[PDB]
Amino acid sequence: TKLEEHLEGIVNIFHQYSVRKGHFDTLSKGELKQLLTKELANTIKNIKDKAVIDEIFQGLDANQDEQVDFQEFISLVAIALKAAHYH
């Protein structure tokens, strides 16, 4: 269905970035920065700012292991959707 395609698209984008360095199924700080700056530039304010990126990663990394896993990444999608819906 159309909803299922969107969901699959989000998962695909997660991996677009997660496979690039280190573990294939988690985002490093560097991978997350790339994902945020290139994919959410029109969604989150000042995403180009280091401080902004840094607080987002910290907020997402709930077990503070320096990676953002898929379950943690769902939190970002929720932030992004709330922003998108305000549009």
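For clarity, a rigid core is taken as the largest C-alpha set superposing within 1.5 Å between two forms. In this text, residue numbers run from 1 along the sequence as written.
Trainee: Hey, after superposing on the core, which one moves around more in 4 other deposited structures of this protein, 40 to 48 or 24 to 32, CA-wise?
Mentor: Comparing 40 to 48 with 24 to 32, the larger C-alpha deviation in 4 other deposited structures of this protein belongs to 40 to 48.
Trainee: Ranked by Cα temperature factor within the chain, is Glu31 in the lowest third, the middle third or the highest third?
Mentor: It falls in the middle third of the chain.
Trainee: Mind checking which third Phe24 falls in for C-alpha B-factor across the chain?
Mentor: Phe24: CA B-factor falls in the highest third of its chain.
Trainee: With respect to C-alpha B-factor, does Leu60 fall in the lowest, middle or highest third of the chain as deposited?
Mentor: Lowest third - that is where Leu60 ends up once the chain's C-alpha B-factors are sorted.
Trainee: Using the B-factors in the PDB entry, rank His87's C-alpha atom against the chain and give the third, lowest, middle or highest.
Mentor: Top third by C-alpha B-factor.
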